[PDB]
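Asks: Structure file structure_8.cif, mmCIF, N, CA and C atoms, is pasted below:
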data_structure
#
loop_
_atom_site.group_PDB
_atom_site.id
_atom_site.type_symbol
_atom_site.label_atom_id
_atom_site.label_comp_id
_atom_site.auth_asym_id
_atom_site.auth_seq_id
_atom_site.Cartn_x
_atom_site.Cartn_y
_atom_site.Cartn_z
ATOM 1 N N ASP A 345 -73.842 50.762 133.327
ATOM 2 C CA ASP A 345 -72.737 51.652 133.640
ATOM 3 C C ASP A 345 -71.767 51.652 132.467
ATOM 4 N N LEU A 346 -71.021 52.736 132.314
ATOM 5 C CA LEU A 346 -69.949 52.714 131.335
ATOM 6 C C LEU A 346 -68.686 52.128 131.945
ATOM 7 N N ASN A 347 -68.239 52.685 133.064
ATOM 8 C CA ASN A 347 -67.063 52.177 133.758
ATOM 9 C C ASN A 347 -67.433 50.862 134.426
ATOM 10 N N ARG A 348 -67.160 49.763 133.740
ATOM 11 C CA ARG A 348 -67.498 48.456 134.265
ATOM 12 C C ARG A 348 -66.414 47.933 135.190
ATOM 13 N N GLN A 349 -66.705 46.787 135.777
ATOM 14 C CA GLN A 349 -65.671 45.944 136.343
ATOM 15 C C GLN A 349 -64.963 45.241 135.193
ATOM 16 N N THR A 350 -63.706 45.602 134.959
ATOM 17 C CA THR A 350 -62.930 44.999 133.885
ATOM 18 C C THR A 350 -62.629 43.542 134.222
ATOM 19 N N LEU A 351 -62.634 42.692 133.186
ATOM 20 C CA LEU A 351 -62.403 41.256 133.331
ATOM 21 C C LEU A 351 -61.061 40.942 133.981
ATOM 22 N N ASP A 352 -60.037 41.757 133.706
ATOM 23 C CA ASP A 352 -58.724 41.527 134.299
ATOM 24 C C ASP A 352 -58.723 41.784 135.794
ATOM 25 N N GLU A 353 -59.500 42.755 136.253
ATOM 26 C CA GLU A 353 -59.470 43.171 137.646
ATOM 27 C C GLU A 353 -60.229 42.230 138.571
ATOM 28 N N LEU A 354 -60.720 41.101 138.065
ATOM 29 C CA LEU A 354 -61.239 40.035 138.905
ATOM 30 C C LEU A 354 -60.193 38.991 139.250
ATOM 31 N N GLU A 355 -59.074 38.972 138.534
ATOM 32 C CA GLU A 355 -58.068 37.943 138.719
ATOM 33 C C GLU A 355 -57.336 38.129 140.046
ATOM 34 N N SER A 356 -56.583 37.104 140.418
ATOM 35 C CA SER A 356 -55.808 37.148 141.646
ATOM 36 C C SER A 356 -54.504 37.900 141.429
ATOM 37 N N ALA A 357 -54.052 38.570 142.472
ATOM 38 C CA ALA A 357 -52.703 39.111 142.469
ATOM 39 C C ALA A 357 -51.729 37.954 142.623
ATOM 40 N N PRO A 358 -50.846 37.709 141.658
ATOM 41 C CA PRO A 358 -50.002 36.511 141.711
ATOM 42 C C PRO A 358 -48.923 36.627 142.777
ATOM 43 N N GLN A 359 -48.299 35.491 143.064
ATOM 44 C CA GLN A 359 -47.252 35.447 144.072
ATOM 45 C C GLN A 359 -45.981 36.100 143.549
ATOM 46 N N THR A 360 -45.311 36.856 144.414
ATOM 47 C CA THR A 360 -44.159 37.653 144.019
ATOM 48 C C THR A 360 -42.938 37.286 144.847
ATOM 49 N N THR A 361 -41.776 37.306 144.203
ATOM 50 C CA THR A 361 -40.482 37.112 144.843
ATOM 51 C C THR A 361 -39.598 38.331 144.600
ATOM 52 N N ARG A 362 -38.327 38.203 144.967
ATOM 53 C CA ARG A 362 -37.383 39.313 144.975
ATOM 54 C C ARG A 362 -36.299 39.077 143.935
ATOM 55 N N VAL A 363 -36.011 40.100 143.130
ATOM 56 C CA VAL A 363 -35.023 40.026 142.057
ATOM 57 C C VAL A 363 -34.104 41.234 142.165
ATOM 58 N N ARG A 364 -32.795 40.995 142.109
ATOM 59 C CA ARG A 364 -31.800 42.063 142.117
ATOM 60 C C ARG A 364 -31.677 42.641 140.709
ATOM 61 N N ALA A 365 -32.084 43.900 140.527
ATOM 62 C CA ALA A 365 -32.034 44.538 139.214
ATOM 63 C C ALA A 365 -32.008 46.055 139.363
ATOM 64 N N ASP A 366 -31.339 46.716 138.420
ATOM 65 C CA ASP A 366 -31.070 48.148 138.523
ATOM 66 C C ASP A 366 -32.269 48.988 138.103
ATOM 67 N N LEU A 367 -32.534 50.059 138.862
ATOM 68 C CA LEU A 367 -33.720 50.893 138.683
ATOM 69 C C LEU A 367 -33.352 52.371 138.657
ATOM 70 N N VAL A 368 -33.780 53.062 137.602
ATOM 71 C CA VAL A 368 -33.380 54.433 137.299
ATOM 72 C C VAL A 368 -34.640 55.262 137.106
ATOM 73 N N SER A 369 -34.681 56.454 137.708
ATOM 74 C CA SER A 369 -35.799 57.374 137.548
ATOM 75 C C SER A 369 -35.444 58.447 136.528
ATOM 76 N N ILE A 370 -36.253 58.560 135.479
ATOM 77 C CA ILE A 370 -36.121 59.605 134.471
ATOM 78 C C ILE A 370 -37.485 60.244 134.282
ATOM 79 N N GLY A 371 -37.546 61.567 134.396
ATOM 80 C CA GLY A 371 -38.807 62.262 134.243
ATOM 81 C C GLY A 371 -39.722 62.050 135.429
ATOM 82 N N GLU A 372 -40.789 61.278 135.236
ATOM 83 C CA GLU A 372 -41.718 60.978 136.317
ATOM 84 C C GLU A 372 -41.913 59.487 136.529
ATOM 85 N N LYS A 373 -41.191 58.637 135.806
ATOM 86 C CA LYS A 373 -41.447 57.209 135.885
ATOM 87 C C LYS A 373 -40.138 56.444 135.984
ATOM 88 N N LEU A 374 -40.208 55.290 136.637
ATOM 89 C CA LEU A 374 -39.060 54.435 136.869
ATOM 90 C C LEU A 374 -38.756 53.601 135.634
ATOM 91 N N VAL A 375 -37.532 53.085 135.574
ATOM 92 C CA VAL A 375 -37.041 52.325 134.429
ATOM 93 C C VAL A 375 -36.187 51.174 134.948
ATOM 94 N N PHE A 376 -36.427 49.959 134.444
ATOM 95 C CA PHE A 376 -35.426 48.897 134.516
ATOM 96 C C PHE A 376 -34.296 49.222 133.548
ATOM 97 N N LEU A 377 -33.122 49.544 134.079
ATOM 98 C CA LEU A 377 -31.931 49.748 133.267
ATOM 99 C C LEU A 377 -31.096 48.483 133.313
ATOM 100 N N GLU A 378 -30.686 47.996 132.145
ATOM 101 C CA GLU A 378 -30.112 46.663 132.072
ATOM 102 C C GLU A 378 -29.199 46.535 130.864
ATOM 103 N N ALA A 379 -28.032 45.931 131.076
ATOM 104 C CA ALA A 379 -27.134 45.509 130.011
ATOM 105 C C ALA A 379 -27.209 43.995 129.881
ATOM 106 N N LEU A 380 -27.141 43.500 128.649
ATOM 107 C CA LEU A 380 -27.484 42.112 128.378
ATOM 108 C C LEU A 380 -26.369 41.328 127.700
ATOM 109 N N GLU A 381 -25.107 41.658 127.945
ATOM 110 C CA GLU A 381 -24.033 40.833 127.411
ATOM 111 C C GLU A 381 -23.215 40.174 128.515
ATOM 112 N N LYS A 382 -23.795 40.025 129.691
ATOM 113 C CA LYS A 382 -23.189 39.197 130.726
ATOM 114 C C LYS A 382 -24.140 38.140 131.261
ATOM 115 N N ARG A 383 -25.420 38.468 131.422
ATOM 116 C CA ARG A 383 -26.403 37.452 131.783
ATOM 117 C C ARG A 383 -26.652 36.519 130.611
ATOM 118 N N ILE A 384 -26.831 37.093 129.432
ATOM 119 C CA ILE A 384 -27.038 36.366 128.195
ATOM 120 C C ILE A 384 -25.882 36.794 127.295
ATOM 121 N N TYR A 385 -25.549 35.946 126.310
ATOM 122 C CA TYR A 385 -24.489 36.124 125.312
ATOM 123 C C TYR A 385 -23.094 36.048 125.907
ATOM 124 N N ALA A 386 -22.949 35.431 127.070
ATOM 125 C CA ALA A 386 -21.644 35.226 127.681
ATOM 126 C C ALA A 386 -21.092 33.896 127.189
ATOM 127 N N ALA A 387 -20.051 33.966 126.355
ATOM 128 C CA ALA A 387 -19.283 32.828 125.844
ATOM 129 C C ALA A 387 -20.117 31.866 125.004
ATOM 130 N N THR A 388 -21.208 32.338 124.413
ATOM 131 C CA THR A 388 -21.910 31.611 123.368
ATOM 132 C C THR A 388 -21.824 32.438 122.100
ATOM 133 N N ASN A 389 -21.676 31.772 120.968
ATOM 134 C CA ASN A 389 -21.159 32.400 119.747
ATOM 135 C C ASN A 389 -22.136 33.273 119.038
ATOM 136 N N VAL A 390 -23.235 33.674 119.654
ATOM 137 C CA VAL A 390 -24.333 34.335 118.963
ATOM 138 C C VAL A 390 -24.123 35.841 119.015
ATOM 139 N N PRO A 391 -24.286 36.561 117.904
ATOM 140 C CA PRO A 391 -24.031 38.004 117.918
ATOM 141 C C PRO A 391 -25.044 38.759 118.758
ATOM 142 N N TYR A 392 -24.542 39.759 119.464
ATOM 143 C CA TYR A 392 -25.377 40.588 120.314
ATOM 144 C C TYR A 392 -26.239 41.481 119.436
ATOM 145 N N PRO A 393 -27.566 41.415 119.549
ATOM 146 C CA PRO A 393 -28.423 41.973 118.499
ATOM 147 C C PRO A 393 -28.538 43.478 118.533
ATOM 148 N N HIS B 100 -17.590 24.063 129.985
ATOM 149 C CA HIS B 100 -18.916 23.820 129.454
ATOM 150 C C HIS B 100 -19.544 25.133 129.025
ATOM 151 N N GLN B 101 -20.189 25.106 127.876
ATOM 152 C CA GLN B 101 -20.811 26.290 127.322
ATOM 153 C C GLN B 101 -22.316 26.120 127.317
ATOM 154 N N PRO B 102 -23.048 27.157 127.628
ATOM 155 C CA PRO B 102 -24.506 27.086 127.510
ATOM 156 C C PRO B 102 -24.974 27.316 126.087
ATOM 157 N N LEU B 103 -26.283 27.387 125.880
ATOM 158 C CA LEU B 103 -26.840 27.644 124.563
ATOM 159 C C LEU B 103 -27.889 28.738 124.638
ATOM 160 N N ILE B 104 -28.318 29.173 123.460
ATOM 161 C CA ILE B 104 -29.539 29.944 123.283
ATOM 162 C C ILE B 104 -30.300 29.250 122.161
ATOM 163 N N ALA B 105 -31.555 29.626 121.953
ATOM 164 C CA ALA B 105 -32.368 29.002 120.913
ATOM 165 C C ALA B 105 -32.655 30.024 119.817
ATOM 166 N N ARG B 106 -32.177 29.753 118.607
ATOM 167 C CA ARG B 106 -32.362 30.665 117.488
ATOM 168 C C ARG B 106 -33.608 30.281 116.696
ATOM 169 N N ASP B 107 -33.864 31.050 115.644
ATOM 170 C CA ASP B 107 -34.922 30.822 114.674
ATOM 171 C C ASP B 107 -34.308 30.948 113.286
ATOM 172 N N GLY B 108 -35.042 30.506 112.266
ATOM 173 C CA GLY B 108 -34.570 30.566 110.904
ATOM 174 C C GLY B 108 -34.412 31.976 110.386
ATOM 175 N N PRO B 109 -33.618 32.153 109.321
ATOM 176 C CA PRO B 109 -32.787 31.148 108.650
ATOM 177 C C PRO B 109 -31.402 30.935 109.260
ATOM 178 N N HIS B 110 -31.275 31.035 110.577
ATOM 179 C CA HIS B 110 -29.985 30.834 111.210
ATOM 180 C C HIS B 110 -29.685 29.341 111.348
ATOM 181 N N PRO B 111 -28.414 28.969 111.514
ATOM 182 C CA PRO B 111 -28.099 27.579 111.856
ATOM 183 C C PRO B 111 -28.634 27.204 113.225
ATOM 184 N N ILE B 112 -28.937 25.921 113.395
ATOM 185 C CA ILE B 112 -29.233 25.397 114.715
ATOM 186 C C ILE B 112 -27.936 24.933 115.358
ATOM 187 N N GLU B 113 -27.708 25.348 116.596
ATOM 188 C CA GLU B 113 -26.472 25.023 117.286
ATOM 189 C C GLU B 113 -26.676 23.865 118.252
ATOM 190 N N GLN B 114 -25.567 23.239 118.604
ATOM 191 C CA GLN B 114 -25.507 22.095 119.489
ATOM 192 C C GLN B 114 -24.776 22.498 120.763
ATOM 193 N N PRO B 115 -24.967 21.772 121.867
ATOM 194 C CA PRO B 115 -24.143 22.027 123.055
ATOM 195 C C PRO B 115 -22.688 21.674 122.803
ATOM 196 N N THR B 116 -21.830 22.676 122.918
ATOM 197 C CA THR B 116 -20.405 22.463 122.759
ATOM 198 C C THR B 116 -19.779 22.109 124.099
ATOM 199 N N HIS B 117 -18.570 21.573 124.033
ATOM 200 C CA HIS B 117 -17.794 21.261 125.217
ATOM 201 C C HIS B 117 -16.331 21.537 124.921
ATOM 202 N N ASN B 118 -15.571 21.833 125.965
ATOM 203 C CA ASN B 118 -14.141 22.032 125.826
ATOM 204 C C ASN B 118 -13.410 21.259 126.912
ATOM 205 N N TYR B 119 -12.230 20.752 126.565
ATOM 206 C CA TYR B 119 -11.434 19.947 127.480
ATOM 207 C C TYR B 119 -9.972 20.339 127.346
ATOM 208 N N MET B 120 -9.335 20.667 128.470
ATOM 209 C CA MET B 120 -7.983 21.202 128.447
ATOM 210 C C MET B 120 -7.111 20.568 129.520
ATOM 211 N N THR B 121 -5.843 20.367 129.171
ATOM 212 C CA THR B 121 -4.782 19.998 130.095
ATOM 213 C C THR B 121 -3.607 20.946 129.910
ATOM 214 N N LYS B 122 -2.929 21.260 131.009
ATOM 215 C CA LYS B 122 -1.769 22.134 130.971
ATOM 216 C C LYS B 122 -0.577 21.430 131.594
ATOM 217 N N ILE B 123 0.614 21.778 131.121
ATOM 218 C CA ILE B 123 1.850 21.135 131.543
ATOM 219 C C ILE B 123 2.554 22.027 132.553
ATOM 220 N N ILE B 124 2.902 21.460 133.704
ATOM 221 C CA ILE B 124 3.566 22.214 134.759
ATOM 222 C C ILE B 124 5.010 22.486 134.359
ATOM 223 N N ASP B 125 5.360 23.761 134.235
ATOM 224 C CA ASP B 125 6.734 24.162 133.983
ATOM 225 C C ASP B 125 7.555 24.014 135.265
ATOM 226 N N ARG B 126 8.876 23.900 135.111
ATOM 227 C CA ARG B 126 9.771 23.666 136.238
ATOM 228 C C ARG B 126 10.890 24.692 136.267
ATOM 229 N N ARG B 127 11.073 25.344 137.414
ATOM 230 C CA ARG B 127 12.194 26.248 137.631
ATOM 231 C C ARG B 127 12.789 25.974 139.004
ATOM 232 N N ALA B 128 13.966 26.545 139.263
ATOM 233 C CA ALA B 128 14.703 26.236 140.481
ATOM 234 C C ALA B 128 15.392 27.493 141.004
ATOM 235 N N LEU B 129 16.159 27.324 142.086
ATOM 236 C CA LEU B 129 16.858 28.404 142.772
ATOM 237 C C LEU B 129 18.332 28.069 142.960
ATOM 238 N N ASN B 130 19.086 29.086 143.386
ATOM 239 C CA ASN B 130 20.525 29.018 143.610
ATOM 240 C C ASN B 130 20.901 30.024 144.690
ATOM 241 N N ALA B 131 21.754 29.613 145.632
ATOM 242 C CA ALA B 131 22.222 30.501 146.694
ATOM 243 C C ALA B 131 23.512 29.950 147.284
ATOM 244 N N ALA B 132 24.496 30.819 147.503
ATOM 245 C CA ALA B 132 25.802 30.372 147.964
ATOM 246 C C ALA B 132 26.094 30.849 149.385
ATOM 247 N N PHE B 133 27.256 30.435 149.898
ATOM 248 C CA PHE B 133 27.492 30.459 151.332
ATOM 249 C C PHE B 133 28.918 30.806 151.758
ATOM 250 N N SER B 134 29.856 30.953 150.814
ATOM 251 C CA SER B 134 31.284 30.599 150.934
ATOM 252 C C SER B 134 31.944 30.847 152.293
ATOM 253 N N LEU B 135 32.629 29.819 152.804
ATOM 254 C CA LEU B 135 33.400 29.902 154.038
ATOM 255 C C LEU B 135 34.851 30.286 153.744
ATOM 256 N N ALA B 136 35.718 30.148 154.748
ATOM 257 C CA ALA B 136 37.134 30.454 154.611
ATOM 258 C C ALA B 136 37.954 29.374 155.303
ATOM 259 N N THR B 137 39.201 29.223 154.841
ATOM 260 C CA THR B 137 40.011 28.042 155.145
ATOM 261 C C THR B 137 40.376 27.962 156.616
ATOM 262 N N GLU B 138 41.044 28.986 157.132
ATOM 263 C CA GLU B 138 41.501 28.966 158.513
ATOM 264 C C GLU B 138 40.392 29.305 159.508
ATOM 265 N N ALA B 139 39.139 29.334 159.055
ATOM 266 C CA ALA B 139 37.976 29.298 159.925
ATOM 267 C C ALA B 139 37.350 27.915 160.017
ATOM 268 N N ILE B 140 37.672 27.019 159.082
ATOM 269 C CA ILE B 140 37.188 25.645 159.158
ATOM 270 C C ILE B 140 37.822 24.922 160.337
ATOM 271 N N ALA B 141 39.125 25.133 160.545
ATOM 272 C CA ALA B 141 39.817 24.533 161.680
ATOM 273 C C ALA B 141 39.296 25.067 163.003
ATOM 274 N N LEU B 142 38.764 26.290 163.002
ATOM 275 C CA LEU B 142 38.167 26.852 164.205
ATOM 276 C C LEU B 142 36.864 26.154 164.549
ATOM 277 N N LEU B 143 36.092 25.776 163.533
ATOM 278 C CA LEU B 143 34.852 25.061 163.791
ATOM 279 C C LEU B 143 35.129 23.628 164.213
ATOM 280 N N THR B 144 36.085 22.974 163.555
ATOM 281 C CA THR B 144 36.387 21.587 163.883
ATOM 282 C C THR B 144 37.163 21.494 165.187
ATOM 283 N N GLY B 145 38.284 22.204 165.274
ATOM 284 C CA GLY B 145 39.066 22.218 166.493
ATOM 285 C C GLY B 145 40.546 21.982 166.289
ATOM 286 N N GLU B 146 40.999 22.031 165.035
ATOM 287 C CA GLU B 146 42.399 21.758 164.739
ATOM 288 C C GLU B 146 43.326 22.864 165.224
ATOM 289 N N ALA B 147 42.830 24.088 165.361
ATOM 290 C CA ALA B 147 43.638 25.209 165.817
ATOM 291 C C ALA B 147 43.144 25.714 167.164
ATOM 292 N N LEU B 148 42.784 24.796 168.049
ATOM 293 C CA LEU B 148 42.411 25.154 169.406
ATOM 294 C C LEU B 148 43.591 25.006 170.352
#
Now, as a test, write the supplied structure out as structure tokens.

Replies:
Amino acid sequence: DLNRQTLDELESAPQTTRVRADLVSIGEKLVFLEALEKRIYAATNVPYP
Amino acid sequence: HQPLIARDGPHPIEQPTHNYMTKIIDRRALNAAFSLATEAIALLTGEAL
């Protein structure tokens, strides 16, 4: 066959938990929208890249 | 207490910093008056009864 069973599709579906995070729809696909100067770079002296 | 991040070269390697602070309590007060009258003092005591 050409369309084989792919090696990845034999693996287990891993265990999942719940995370609070912002989700935005643009076009036809969803997006994680996120700002990163409060979770990370809060009061540590490293420049925001 | 400050957290850290982990950098790569050629940046400096940082250490866990700490901060320690004490503040001095300022002091303020109040004022309020009451003034009575002379020939009403005898009325409270009883000299002019």

Asks: I'd like the residues picked by the PyMOL selection byres ((chain B and name CA) within 7 of (chain A and name CA)) written out as a ChimeraX atom specification, using the chain letters and numbers from the file.

Replies: /B:101-103

Asks: Run through the PyMOL selection byres ((chain A and resi 360-367) around 6.5) on the given coordinates and return the selected residues as a list in words.

Replies: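 Selected by the PyMOL selection byres ((chain A and resi 360-367) around 6.5) here: residues 358, 359, 368, 369, 374, 375, 376, 377 and 378 of chain A.
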
Asks: As an MDAnalysis selection string, please: every residue in chain A that a backbone DSSP assignment puts in strand (DSSP E).

Replies: chainID A and resid 367:370 373:376

Asks: One decimal, in Å: what's the spacing between CA of residue 112 (chain B) and CA of residue 380 (chain A)?

Replies: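 For CA of residue 112 (chain B) relative to CA of residue 380 (chain A), the distance reads 21.7 Å.
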
Asks: Report the distance between atom C of residue 382 (chain A) and atom N of residue 113 (chain B) in Å, rounded to one decimal place.

Replies: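 A separation of 19.8 Å between them.
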
Asks: Taking the backbone alone, and naming residues the way the document does, which bits of chain B are alpha helix (DSSP H) by DSSP, as a list in words?

Replies: residues 137, 138, 139, 140, 141, 142, 143 and 144 of chain B
